[PDB]
Every structure is written in C-alpha cells, then in structure tokens.
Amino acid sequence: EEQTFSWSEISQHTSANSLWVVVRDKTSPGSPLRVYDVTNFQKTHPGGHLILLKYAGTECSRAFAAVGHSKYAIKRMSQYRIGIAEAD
C-alpha cells in the first residue's frame, strides 16, 4: 500500500539531519504529493545540498519542474520515497 504523512509532520523535517521534500507526481493516478527523505542524497545531488535545504519541509514541485529535471533524475527519486502527503 502506502504511508501517509501529515503536513504537521512533514514541516518539521527542515534540517540537514533529516531533510524531507515533497514533489507532486503528475505521472501517477491521483497526482500524489510524494514525500522524499533526501537526507542521504544531500552530498551527491547535482544541484547541491543548499537548494535541498531551502525547500526542506515543503512542496517544491514548481521549482523541481522549472529545473527540467531529467528522466534520469526522476528515476533516481524513487529510492528516496517515504510516502505521500495528506490530500488538499
């Protein structure tokens, strides 16, 4: 199945010690807000670690799309999924 997270919980994950970001997945039925724990990705993210910290605890879908993240990047995302955010 799936694990749901509340925004009350997501919004706390704002430090480099435990960094979550949320990206809407328009390719999946229901367009879920997928929650990613990118803590262990900070050191290797090609965009750098600072930009991940900027959006920590928030939805970054628009910024993610504006970068034109590649198919390669999107494939690499799945390993960091922890669940989905509660719906709007």
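Note that residue numbering follows the sequence shown and begins at 1.
Engineer: Quick check: 29-37 versus 42-50, which has the larger average CA B-factor in the record?
Structural biologist: For C-alpha atoms only, the mean B-factor is higher in 42-50.
Engineer: Which has the highest CA B-factor per the PDB entry: 77, 23, 10, 16?
Structural biologist: Checking the PDB record, the top C-alpha B-factor among 77, 23, 10, 16 is at 16.
Engineer: Rank-wise, by C-alpha B-factor, drop residue 65 into the lowest, middle or highest third of its chain.
Structural biologist: Middle third, going by the recorded CA B-factors of the chain.
Engineer: Of the three thirds of its chain by CA temperature factor, lowest, middle or highest, which one includes residue 82?
Structural biologist: Ranked within chain, residue 82 CA B lands in the lowest tercile.
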